[PDB]
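Per chain, numbering begins at 1; letters A, B, ... match sequence-line order.
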Amino acid sequence: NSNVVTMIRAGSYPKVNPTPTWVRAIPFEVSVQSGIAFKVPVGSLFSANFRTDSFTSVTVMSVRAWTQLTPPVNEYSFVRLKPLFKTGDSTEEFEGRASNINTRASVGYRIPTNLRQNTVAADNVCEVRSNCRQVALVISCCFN
Amino acid sequence: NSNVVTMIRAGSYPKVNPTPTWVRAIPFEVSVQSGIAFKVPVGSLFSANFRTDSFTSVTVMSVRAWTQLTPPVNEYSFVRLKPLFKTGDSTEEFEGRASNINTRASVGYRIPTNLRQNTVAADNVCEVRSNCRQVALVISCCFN
Amino acid sequence: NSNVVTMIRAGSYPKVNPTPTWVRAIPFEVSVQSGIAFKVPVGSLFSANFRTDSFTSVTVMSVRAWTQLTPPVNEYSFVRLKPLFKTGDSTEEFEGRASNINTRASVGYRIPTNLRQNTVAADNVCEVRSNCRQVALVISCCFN
Amino acid sequence: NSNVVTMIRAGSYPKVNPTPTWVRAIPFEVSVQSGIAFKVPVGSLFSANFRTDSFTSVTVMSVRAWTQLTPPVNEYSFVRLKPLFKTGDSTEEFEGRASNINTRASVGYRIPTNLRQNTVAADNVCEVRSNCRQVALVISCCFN
Amino acid sequence: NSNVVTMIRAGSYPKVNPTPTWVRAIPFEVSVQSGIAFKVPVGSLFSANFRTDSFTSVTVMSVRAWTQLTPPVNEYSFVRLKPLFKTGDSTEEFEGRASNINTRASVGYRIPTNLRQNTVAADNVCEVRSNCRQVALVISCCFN
Amino acid sequence: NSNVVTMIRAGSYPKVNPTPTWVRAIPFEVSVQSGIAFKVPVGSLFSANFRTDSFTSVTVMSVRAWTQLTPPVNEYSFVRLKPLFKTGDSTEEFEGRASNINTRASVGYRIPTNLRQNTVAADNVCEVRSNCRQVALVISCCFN
Amino acid sequence: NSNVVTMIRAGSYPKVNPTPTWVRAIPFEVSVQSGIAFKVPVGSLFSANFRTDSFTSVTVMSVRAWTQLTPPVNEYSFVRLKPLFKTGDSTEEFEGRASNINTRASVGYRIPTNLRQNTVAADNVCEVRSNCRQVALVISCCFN
RNA sequence: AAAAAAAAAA
RNA sequence: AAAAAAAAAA
RNA sequence: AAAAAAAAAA
RNA sequence: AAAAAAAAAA
RNA sequence: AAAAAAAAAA
RNA sequence: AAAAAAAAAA
RNA sequence: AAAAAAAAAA
RNA sequence: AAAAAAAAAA
RNA sequence: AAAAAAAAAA
RNA sequence: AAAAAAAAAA
RNA sequence: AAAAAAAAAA
RNA sequence: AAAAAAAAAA
RNA sequence: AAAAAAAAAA
RNA sequence: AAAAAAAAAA
Ligand SMILES: [Mg+2]
Ligand SMILES: [Mg+2]
Ligand code: NA
Ligand code: NA
Ligand code: NA
Ligand code: NA
Ligand code: NA
Ligand code: NA
Ligand code: NA
Ligand code: NA
């Protein structure tokens with residue numbers, strides 16, 4: 001290969017876009033209480049911490065969740081996810097449980113193409129339930 | 001295809017990175033004076049305007065340039081690029097000229113793999129010369 | 001095949017969901033007046049009568065309609081459907097007529113993938129018009 | 001694919017059924033005492049919690065069980081299942097044990113086709129024994 | 001081929017629809033100011049001028065834009081499009097520029113299937129920016 | 001497929017037409033008297049009710065007719081069509097009869113290419129005769 | 001194909017015939033009384049109503065008949081045909097009956113080649129019997 | 001797709 | 001499955 | 001026979 | 001990849 | 001190995 | 001998929 | 001030689 | 001014979 | 001893809 | 001059509 | 001040449 | 001390369 | 001079926 | 001032998 005700078009025979013000025021879309025897997029944590037659903041805000045996906053503070057909308061594709069702290073004494077970890085949508089919330093409670101008390105529980109869900117519209121900060125993605133006090137989410141999404 | 005949310009059988013917690021790299025084509029303009037080289041600052045590539053203000057380093061791959069305003073009376077536009085590097089500046093002056101007085105001049109250069117290291121805001125990419133008072137750059141680069 | 005109970009060598013606790021989705025064809029009737037459109041409520045789809053009272057959202061895929069009582073004297077039955085959507089109602093009036101005075105008129109429409117989002121009880125599916133005083137609907141849908 | 005509503009050329013009124021059957025995997029927990037068999041009631045399978053309160057009968061295909069709390073000090077978990085049938089109970093004691101003290105024990109059994117009749121709320125499915133104070137069941141069944 | 005009228009052996013009365021959908025490419029112009037975004041109203045698509053005044057909804061598929069008057073002295077034309085959506089506006093600024101001062105700038109964007117829902121008159125399609133005082137749009141859409 | 005907006009690399013301004021042609025099947029009814037031919041006006045094809053009020057001309061391709069009310073006591077329905085043309089009316093009487101007293105009679109005719117010129121509101125399409133007091137027409141045509 | 005008038009290189013004067021033969025299916029009705037045979041006159045085939053008044057002879061090929069009004073109360077329609085010939089009448093009584101009280105009875109017969117000679121107005125085709133007061137005939141014939 | 005009648009054609 | 005009209009596309 | 005949803009399986 | 005249940009389809 | 005997004009290329 | 005034990009079978 | 005039940009196995 | 005740099009070419 | 005100039009190489 | 005980056009997948 | 005919408009058709 | 005119009009031709 | 005003139009076209 | 005119109009037909 002070349003070891004020196006070389007000319008490019010540029011043509012006409014191209015189509016450009018200073019502010020493109022970005023497909024991402026975004027990791028963050030939420031706090032969860034015993035017996036109580038936590039509504040996960042879409043606003044958590046927009047942050048300098050993820051290089052996403054310039055976006056104000058996102059299309060979520062899938063949500064995965066893991067318990068992030070240990071469960072109560074004698075118990076195995078569990079985590080549940082209930083999808084939420086502006087056009088009508090679901091009542092599914094997708095659940096994983098650990099089979100070793102020292103191991104994370106995990107579960108996820110995929111949003112079908114027909115429900116992949118945009119969401120903004122004030123929207124919620126899902127409800128999380130767990131016997132652990134924190135849950136770690138990884139959300140696959142398209143910032144736009 | 002599915003019209004409903006469906007379960008994902010998530011496993012162990014994955015490797016994650018909240019602050020990934022990003023390959024980009026960044027468009028911006030510089031002002032140019034008659035007979036004078038303008039040193040293009042790398043700092044212009046880091047901006048909320050490009051969603052890149054969270055980066056402090058970038059690896060430039062190629063630089064393309066177009067004249068952005070009309071040339072002086074009786075003249076055809078030209079633009080020249082001289083690559084700059086922290087380990088030693090080049091003396092190449094890659095040049096394009098217009099063949100229609102109403103048309104942009106354009107030129108570019110490719111940086112070879114052996115010279116693709118990082119640059120930071122206080123570094124310069126290249127010198128630009130032109131008979132036009134503004135030049136439009138599109139820089140292909142890897143933010144990291 | 002086996003005539004006795006046999007062991008299953010179960011492994012780890014599986015992903016579970018006590019409240020799954022359900023794809024359905026739901027039959028119900030609506031009352032219709034001469035010259036007047038009836039807005040069919042989505043709420044009619046959630047009922048112990050269909051085993052669906054535990055759902056609060058549904059994604060409608062298609063709607064079929066039949067006249068359910070006889071037409072006025074000297075007339076053949078007709079039925080019309082006009083699709084309604086939260087993002088903008090249609091002005092199509094899909095229509096079937098009977099060709100025997102003793103026979104039901106029927107028609108349907110399919111909702112395209114891009115318009116398959118959720119609806120809730122307060123939403124409406126379509127407008128129905130007919131010269132018959134009842135219309136029988138079968139709605140293909142995905143409870144979630 | 002289509003982006004708009006389209007006509008369906010419906011024919012005669014179809015065979016319909018507002019209250020269909022449903023094949024399911026139903027997850028629930030039972031309490032278990034040291035040295036004592038717990039009889040698992042079929043009635044637990046009919047609940048708003050599983051969207052199954054409209055059913056009166058169910059045909060069980062298989063039963064799987066996991067210990068759901070930790071075992072006594074110094075011990076590995078175990079779980080046993082004894083199938084019960086209205087025409088004559090079994091005396092099999094299908095058993096799984098854990099091989100790591102921190103891990104669930106599990107086991108299951110399949111009901112052969114010749115014994116897949118209906119059961120109702122009054123009936124029992126099986127006896128459960130364990131050294132753990134709760135057992136998690138997942139029962140594969142056909143509600144009808 | 002036949003030079004005379006011939007009989008058609010018609011059967012039963014067909015499904016009919018007096019008010020069908022229509023796929024279209026709609027051309028219209030908007031006024032644009034220096035430094036200021038113009039929100040393009042969906043209402044502009046419904047007009048006797050396009051034979052579309054009987055519709056009240058439309059599904060937009062793509063948007064293309066051209067500058068429609070000359071640019072300021074010394075400049076090349078440019079046009080930018082920012083997609084807008086009821087579920088969350090984008091922050092993309094898709095841009096084209098002219099490479100001859102006497103030529104139109106152009107650019108477009110495609111709306112993905114998952115974002116193709118209906119819009120009505122009070123909704124907006126996109127924001128337009130330009131250095132030219134008028135922009136000509138051609139919008140590909142499905143009236144329904 | 002893409003889940004986000006994407007750029008279109010538009011070129012020059014295309015040929016456009018804000019008022020295109022439209023191929024249609026137009027359903028409407030006419031009143032018919034015993035023993036008397038009804039001249040069907042072309043003007044009935046231009047209406048807001050069909051989204052066609054912006055047109056001044058139409059090219060008719062074929063005409064189909066069904067009786068639309070019941071026949072007199074003891075009789076089977078019949079319908080006849082006689083094609084009319086500005087260059088010379090036909091004397092054909094294409095006829096269908098019902099073979100069940102409760103069923104519609106139907107018939108149609110095709111216009112050959114050599115006779116497919118435009119017609120305007122003032123013109124007539126055909127004469128209709130029937131023993132029923134209304135006839136339902138579906139006219140296949142090209143609005144231009 | 002050609003869009004203009006073109007010369008034909010005509011030769012000698014051809015054989016001509018101002019008054020050709022014509023193969024036809026002629027529809028007409030006859031009145032019928034209970035228990036009485038109606039002799040169908042060949043003369044009915046020659047009429048301005050069929051464009052056949054310039055003919056004085058016809059060769060009949062086949063005869064089909066349908067009841068044309070409803071039958072008496074409690075009855076199904078029937079129609080019978082007895083072929084008549086100048087060289088000797090038949091005694092066949094070809095018969096059709098309806099299987100739905102609302103439907104026409106129908107039947108026909110074919111005349112063999114050896115019996116296809118001419119008939120004139122004063123000749124009869126066949127005898128018709130029915131329980132209905134009118135019978136519709138369609139006669140396939142060669143006017144000459 | 002084959003036949004008959006009127007027409008047109010290589 | 002072929003054709004026409006409106007659109008989109010390599 | 002192919003697709004979707006719930007389940008079951010190599 | 002095969003089977004069962006609900007649906008949809010050539 | 002196939003798909004999507006940003007870039008680059010024959 | 002092959003073997004052993006109990007059963008059933010062409 | 002094929003199936004079922006208990007076991008054993010690549 | 002293949003690669004890189006400057007040039008030239010279908 | 002082929003040739004020339006500088007270089008590098010099996 | 002091939003490569004790189006972010007994601008998703010058998 | 002392939003897809004979508006309206007129509008027409010074997 | 002195929003079609004139409006005028007001409008010419010085996 | 002080939003050529004020329006006017007036109008239309010992939 | 002192919003097409004059009006009326007008819008008849010598998
Ligand atoms: Mg009937
Ligand atoms: Mg371990
Ligand atoms: Na940022
Ligand atoms: Na930023
Ligand atoms: Na219920
Ligand atoms: Na209930
Ligand atoms: Na319920
Ligand atoms: Na109009
Ligand atoms: Na209109
Ligand atoms: Na006459």
B/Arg110 CZ - L/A10 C1' separation (whole Å):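 From B/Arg110 CZ to L/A10 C1': 15 Å.
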
Rounded interatomic separation in angstrom, taking CZ from E/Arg9 and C1' from R/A10 |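 Between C1' of R/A10 and CZ of E/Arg9: 16 Å.
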
message = I want to confirm an ordering. Mapping B/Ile139 and A/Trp22 to their closest nucleotides on RNA chain L, which one lands closer to the 5' end?
response =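 That would be A/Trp22.
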
| request: Measure the shortest side-chain to side-chain distance between A/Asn17 and E/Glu93 over non-hydrogen atoms and say whether it is less than 4.5 angstrom. | output: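 When only atoms from C-beta onward are counted, E/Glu93 and A/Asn17 do touch, with a gap below 4.5 Å.
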
Test item: G/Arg24 side-chain N/O and G/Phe50 main-chain N/O as donor-acceptor pair under 3.5 Å:
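Yes, because the side chain of G/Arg24 sits within donor-acceptor range (under 3.5 Å) of the backbone of G/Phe50.
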
Sequence neighbours excluded, which residues qualify as salt bridge (charged side-chain N to carboxylate O under 4.0 Å, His left out) partners of F/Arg51?
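Listed in chain order: C/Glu92.
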
Within the 4.0 Å heavy-atom criterion, would you say [X] contacts the bases, only the backbone, or no part of the nucleic acid?
X       : value
A/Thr6  : sugar-phosphate
C/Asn1  : sugar-phosphate
D/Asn17 : nothing
B/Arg64 : sugar-phosphate

Counterpart residues, ring pair (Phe, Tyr, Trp, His ring centres under 6.0 Å), relative to B/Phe55 (two or more places apart):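 Per chain and number, B/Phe55 pairs via ring pair (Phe, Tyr, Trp, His ring centres under 6.0 Å) with B/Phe143.
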
